[PDB]
Each structure stands twice: as C-alpha cells, then as structure tokens.
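To start, the structure under review is shown below, and the notes come after it.
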Ligand SMILES: Cc1onc(-c2ccccc2)c1-c1ccc(S(N)(=O)=O)cc1
Ligand SMILES: [Zn+2]
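Residue numbers (the authors' numbering): 3 to 125, 127 to 260.
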C-alpha cells in the first residue's frame, strides 16, 4: 500500500507514513497576491541553463522526471532569495485530468492546468542526499502552465512520452535545453516550503514565477496518456498528480516585483 493520488492513498493519507505532512512549512500553498509583499532585500534571480546536459527521462509512477548530469557546476540557479549556488538535477510536472486544475501552487485560489518544477540542490552540501537534511538544501523553480498556444520547447518531451508510458520505464533523453520552458519574465514569489510529495521534506526555498507559459491542449493531452501503473497492470491514467494547497502557518510570501 504505497502513497499515490487515489482516494485510499492520496494526499489526505500521507501524514500516516509521513507525519511531516502536517508540518510547519509544507508545500504547496495558495499565493495571495495582495498579501505577498515586495522584498527589496532580494537580489536579481539568475537562471543559468546554458550548459545544462540532460541524460534520461523516467516515469516514476507519480510523474516523469527529465534528469540532468549534475556532477559538475553547469545548470545553476542563483540570486533572488538564495544564498549560494543551487545545481539543477531534474525537472517534472504536475497536471490535472481537466484544464481547470493540475497546478500545486495556486494564485488567489486560481488553479492552472499544470505546474513545472525545476529541482536544484545547494552545492555547499555536496550531494542532494545531504542537501535534503538541511533547511536550505533545495530550491525549486515553479512555473505555471496554461492551455493556449503550444510551447515549441516542450514538444521534444511530449514526443518521448510514448516510450515511458508505464511506471519504471526510462529512456535516453540527451541534449534537451530547459531554457525553452522559461517564460519571458522572471518576476516571482518566494517562500520557505517543502517537497510536495513524500517524503515531504522541509528543505525547499520555493521560487514560483508569476508569468505562466502556454502549452497546447494537444501537448497536455499527451501528459494525460501516461500511466501510474507499471507495464502489464490495469491502466490508471497519470492525471491529477498534484497535492492541494497546505496551511501557510507562520510564513510570509515575498514578491520580487
Ligand atoms: C520523491 C523524491 O525522491 N527524491 C527526491 C529528490 C531528488 C533530488 C533532489 C531533491 C529531492 C524527490 C522529490 C520530491 C518532491 C519534489 S517537488 N514536487 O519538486 O517538491 C521533487 C523531488
Ligand atoms: Zn513537483
């Protein structure tokens, strides 16, 4: 009986195996834009993905991860609320069964069709394993997806999904440039949070971009063709793999603009 997004193993059940699920800095959260405050102490955000080198794409039974070689300081996130350098290790998405839901973070309670998470670990800790034992070990850049015009930079990802339909399947995925998934503006909201899936570790500095990227209905429809199940098992479409907004508790969301 492993965790998932169903009625008997979904978000409302996670706290039993992962008590931190009811912690003091859980993610995602609703971003109340009127309550968020501009923070002048924030330095310019730096997203340097020019030397990013992807290696593989994997269906882990919850979502699919595009993995990067993080053995060297190449694709890095710096500036903004961050102290030091954070290295990109992988990115994935959360999406819904319908266009009106799918994102984890919400803006004034509005849910987007999906949400992209670019995961980075603080290099001062040597490896991501050690990083997830630190309150500032991770930085996740979140980007909302709305349905409209297609995102050319996303097509390569969409076209390989047929090769990793079921849980456990992986496929070579080299030379993918994540720069093609970034909106024009880097305006963002930031707050201290957690991983949004078990283990739900509270080691993440969240940086959520205000400007969503547009993807086509056809592109997201292909996301919805993936399976939560492994090969040879009854088909359970990989949809609504998002955790709902959690209590803000003693936290303040800061705006870069
Ligand atoms: C599950 C899991 O197992 N390991 C990780 C992980 C991997 C690399 C760095 C940090 C966490 C994760 C993981 C869990 C949640 C997220 S999220 N949705 O970006 O908060 C991202 C990664
Ligand atoms: Zn995520």
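Just so you know, even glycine gets a beta-carbon here, dropped at the ideal spot from N, CA and C.
Self-check item: Under 8 Å between C-beta atoms of residue 72 and residue 89
Solution: yes
Quiz item: For residue 193, which of 47, 247, 19, 74 has the nearest alpha-carbon?
Solution: 47
Self-check item: Candidates 176, 147, 172, of which the one nearest residue 188 by Cα
Solution: 147
Self-check item: Cβ neighbours of residue 101 in the same chain (closer than 6 Å, five flanking residues each side left out)
Solution: The beta carbon of residue 101 sits closer than 6 Å to the beta carbons of 115, 150 from its chain, once the five residues preceding and following it are set aside; these are given in chain order.
Practice problem: From the DSSP output, read off the bridge partner residues of residue 145. | Solution: 119, 211
Practice problem: Look at the Cβ atom of residue 217, then the Cβ atom of residue 113, and state whether they are nearer than 8 Å. | Solution: No, the Cβ-Cβ distance between residue 217 and residue 113 is not below 8 Å.
Quiz item: Any heavy atom of ligand 1 closer than 7 Å to the CB of residue 131?
Solution: yes
Exercise. Would you please state the rounded distance, in angstroms, between the beta carbons of residue 54 and residue 66? I believe it to be under 8 Å.
Key: Their Cβ separation, rounded to whole angstroms, is 17 Å, which puts residue 54 and residue 66 out of contact at 8 Å.
Exercise. Leaving out five residues on either side along the sequence, give the residues of the same chain with a beta carbon under 7 Å from the beta carbon of residue 152.
Key: 217, 219
Quiz item: For ligand 1, is there a heavy atom less than 7 Å away from the beta-carbon of residue 90?
Solution: no
Quiz prompt | By C-beta, the residues closer than 6 Å to any heavy atom of ligand 2, given in chain order | solution = 94, 96, 119, 199
Quiz item: Helix, strand or coil: how does DSSP classify residue 13 here?
Solution: coil
Quiz item: What's the C-alpha gap between residue 241 and residue 6?
Solution: 10 Å
Quiz item: Any contact of the stretch 173-186 with the stretch 224-232, i.e. 3+ C-beta pairs under 8 Å?
Solution: no
Quiz item: Quick one, which of 170, 237, 195, 243 has its alpha-carbon nearest residue 60's?
Solution: 170
Quiz item: Quick one: what does DSSP say residue 174 is sitting in, helix, strand or coil?
Solution: Annotated three-state conformation of residue 174 is strand, per DSSP.
Quiz item: Between residue 257 and residue 127, what straight-line distance do the alpha-carbon atoms span, to the nearest angstrom?
Solution: One C-alpha to the other measures close to 24 Å.
Quiz item: In the DSSP assignment, what residue or residues form a beta bridge with residue 242?
Solution: None; residue 242 has no bridge partner.
Practice problem: Apply the 10 Å Cβ neighbour rule to residue 175 and answer buried if 16 or more other Cβ atoms are within range, or exposed otherwise. | Solution: exposed
Exercise. Determine the direct distance from the alpha carbon of residue 3 to that of residue 91, and round the result to whole angstroms.
Key: 28 Å
Quiz item: Which same chain residues, not among the five before or five after residue 254, have their C-beta less than 7 Å away from its C-beta?
Solution: 27, 194, 195
Quiz prompt | Inside the stretch 15-83 only - beta strand (DSSP E) runs reaching at least 3 residues | solution = With a minimum length of 3 residues, the continuous beta strand (DSSP E) runs that stay inside the stretch 15-83 are 45-50, 56-61, 66-70, 78-82.
Quiz item: Would the beta-carbon of residue 123 be found less than 7 Å away from any heavy atom of ligand 1?
Solution: yes
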